Each structure stands twice: as C-alpha cells, then as structure tokens.
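# A closer look at the structure
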Amino acid sequence: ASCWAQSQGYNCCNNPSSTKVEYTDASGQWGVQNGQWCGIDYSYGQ
C-alpha cells in the first residue's frame, strides 16, 4: 500500500509488475485501464 498518486487524488493500478505504464510523471509511472488513470506503485498490491 503506497499509492503515491493518492497525493493528487488518482486511483491505483492493480498489479504494477503487469500493467504496461501508459502514464509517466513526477508521480512515477502509471497505467491506463477502463479509460481511467491509476497510480502504479511497486509497494502497492500488498
């Protein structure tokens, strides 16, 4: 549990080691799914 995107108010990508990152910003890397932005965190998914 470390969704860094939460700081701004974004969701979290399920399984970060398997979600092709489509986003990329100072928030790290993200993934797009269902047409919604999610924060990809290596510590997330715990």
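Residues numbered from 1 in each chain as written, not as in the entry; some residues may be left out. Heavy atoms only, no water.

Method of determination, as given in the entry header: solution NMR.

Let us now look at the side chain of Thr19. Here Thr19 is to be found in the loop between β1 (11-12) and β2 (21-25). Residue classification places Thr19 among the buried positions, given a relative accessible area of 12%. Among the polar contacts made by the side chain of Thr19, one reaches the side chain of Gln33 at a distance of 3.1 Å. (Helix = DSSP H or I, 4+ residues; strand = E, 2+ residues; numbered from the N terminus. Buried < 20%, exposed > 50% of the residue type's maximum accessible area, 1.4 Å probe, protein only. Polar contact = N/O pair within 3.5 Å; in protein donor to acceptor, adjacent residues only side chain to side chain.)

In this section: the state of the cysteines. Inspection of every chain in the model, using the stated rule, returns 2 disulfides. Disulfide partner of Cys3: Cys12, at an S-S distance of 2.0 Å. Since a negative S-S torsion denotes a left-handed disulfide, the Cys3-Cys12 link at about -125 degrees is left-handed. Between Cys13 and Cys38 runs a disulfide, and the two sulfur atoms are separated by 2.0 Å. Residues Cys13 and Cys38 are joined by a disulfide whose S-S torsion is about 95 degrees; by sign, that bridge is right-handed. Within this pair, whereas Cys13 is found in the loop between β1 and β2, its partner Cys38 is found in strand β4 (residues 36-40), the two being separated by 25 residues in sequence. (Disulfide = S-S within 2.5 Å.)

Counting across every chain of the model gives 5 aromatic pairs. Judged by centre distance (4.8 Å) and plane angle (90 degrees), the rings of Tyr10 and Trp30 are edge-to-face. Remark: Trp30 occurs in strand β3 (residues 28-33) and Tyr10 occurs in the segment before β1; sequence separation between them is 20 residues. Given a relative accessible area of 1%, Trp30 falls into the buried group. With a centroid separation of 6.2 Å and an interplanar angle of 70 degrees, the aromatic rings of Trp30 and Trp37 are classed as edge-to-face. Overall, the relative accessible area of 27% leaves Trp37 in the partly exposed class. Three or more aromatic residues joined by ring pairs make a cluster, and in this case those are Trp4, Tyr10, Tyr23, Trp30 and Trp37. (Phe/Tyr/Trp six-rings, centres within 6.5 Å; stacked < 30°, edge-to-face > 60°.)

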